[PDB]
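Asker: Turn this into a structure:
(one chain, ligands or ions: 2)
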Amino acid sequence: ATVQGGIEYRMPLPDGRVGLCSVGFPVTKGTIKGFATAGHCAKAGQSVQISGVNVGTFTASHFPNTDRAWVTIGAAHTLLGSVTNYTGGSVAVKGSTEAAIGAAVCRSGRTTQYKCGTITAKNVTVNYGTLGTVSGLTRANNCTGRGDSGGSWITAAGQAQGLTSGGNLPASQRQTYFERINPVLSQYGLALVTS
Ligand code: NA
Ligand code: NA
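Answerer: Residues are numbered from 1 along each chain as shown. Ligands and ions are numbered 1, 2, ... in the order given. And now the structure:
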């Protein structure tokens, strides 16, 4: 199977239920293949399917306080250093220069597909009720829906920005949040796949 930023992955849960989330960025750890995503999506040990096929398992997850995780992908699968735009194209990943407030950014995920907007605030804390809070999030006004969680945020020029932080699917003025990608890469020791 092919792992690309923004696409759906599925998580087999107990009693035949299935969780849905979106790929953030394909990464390598040494020669290990993987992808970064949201920690709200799963805990370590959660199996992961893409395109109907077992592709890997969550390796680490840190939520709340942060909202980050990464999945180890089996060696037989192909990593694409790009983010799908859901309409036949992709944005090639070039690096992770963090963009400023006001910068144009697009996010990709399986519920609302590819939606674009601008960054409006940084270092925001979001309240998750009984779970506690997540701090340090960047806010933007892009459209988003439940299930986009974990998916890619990238500038058109290809600089990776972050991972959608938001609600799970049950199994400026819009306010949408993402987890910054550079702290995630650093914590887990991950290198972005580029193209
Ligand atoms: Na917190
Ligand atoms: Na590459």
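Asker: Might you report the residue contacts of the residue of the chain found nearest ligand 1?
Answerer: With C-beta to the ion as the measure, residue 133 is the residue of the chain nearest to ligand 1, at 3.6 Å. In this view, the C-beta of every residue, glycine as well, is placed from N, C-alpha and C. Under the criterion of C-beta atoms under 8 Å, 6 or more residues apart in numbering, the neighbours of residue 133 are 64, 65, 125, 126, 127.
Asker: what do you get for residue 195?
Answerer: Under the contact definition (C-beta under 8 Å, 6+ apart), the residues listed for residue 195 are 80, 81, 82, 92, 93.
Asker: In terms of residue numbering, what are the domains of this structure?
Answerer: Taking curated CATH domains as the reference, the chain has its domains at 3-80+181-193, 81-180.
Asker: could you check whether the first one is close to ligand 1?
Answerer: Yes: Domain 3-80+181-193 lies within reach of ligand 1 by C-beta under 5 Å from the ion, at residue 65.
Asker: Any chance of CSV for the domains of the chain, columns distance to ligand 2?
Answerer: Below are the domains of the chain laid out as CSV (distance: least, C-beta to the ion, whole Å):
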stretch, distance to ligand 2
domain 3-80+181-193, 5
domain 81-180, 5
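Asker: How is the residue lying closest to residue 147 once chain neighbours are set aside classified with respect to secondary structure?
Answerer: Ranked by C-beta to C-beta, 6 or more residues apart in numbering and with sequence neighbours excluded, the top spatial neighbour of residue 147 is residue 111, at 3.6 Å. Using DSSP: H, G, I helix; E, B strand; the rest coil, the three-state assignment for residue 111 comes out as coil.
Asker: Ok, the one 5 residues further on next?
Answerer: Three-state call for residue 116 (three-state DSSP): strand.
Asker: Could I get the contacting residues of it?
Answerer: Residue 116 is in contact with 104, 105, 106, 107, 142, counting by C-beta under 8 Å, 6+ apart.
Asker: Next: residue 150.
Answerer: Applying C-beta under 8 Å, 6+ apart to residue 150 gives the contacts 21, 22, 23, 24, 37, 38, 40, 41, 69, 109, 163, 164.
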